[PDB]
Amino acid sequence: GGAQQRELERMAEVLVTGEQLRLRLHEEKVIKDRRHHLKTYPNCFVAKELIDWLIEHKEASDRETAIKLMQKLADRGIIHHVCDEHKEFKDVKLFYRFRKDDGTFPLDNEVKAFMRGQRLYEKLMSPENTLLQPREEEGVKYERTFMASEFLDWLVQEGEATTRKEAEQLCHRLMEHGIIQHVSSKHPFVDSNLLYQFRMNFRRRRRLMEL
């Protein structure tokens, strides 16, 4: 994997693990609409309460390390402090901002392809999936291959792409960013019976303490 995989892991894993946490906290009602002074702030958690929860569910060893983990999510824009935004515009010396000027947290195309590729790899490495097999091309045995045509077929049936031409562009992006490769000759992706492999050998999703 090397430097590319290390840096793509840095970019992507906290986003993946952070999203997993968000879903868990909704299911457990730690995130909910909260009222404070007759004012409703929707879909909020309380910092102290989340620290409690993290330790309570053995996601963090102590208060100090739970704070460090949530700080990492705050630093990457995954969570933010909810301050009191006045809803009423008034003739006062307060700062205002156009929503279009709000800061964003965009992902470049390499990171997007990495994160798409990891979802596919996890599905294809599951017992239920059988696309990945040792196969032969021009008399060479290769491990963990998939056929270009079969991969395009599966991408649609699973709903990872709407159409074959859409799924084809996805594979070209996966090729461009080194997520997949032709079994031997750096050949491009072609809708054919040629064999391809994952170049990127993704590691399991991180737990919170592993960030």
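Numbering starts at 1 and follows the sequence shown.
Stretches 136-144 and 89-97 differ in mean C-alpha B factor, with the higher average recorded for 136-144. Look at the mean CA B-factor for 189-197 and for 7-15 in the entry; the higher one is 189-197. The PDB entry gives the largest Cα B-factor of the residues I179, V156, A47, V183 to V156. Highest CA B-factor among the listed residues (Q71, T130, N109, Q118): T130. When all modelled residues of the chain are sorted by CA temperature factor, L174 is found within the lowest third.
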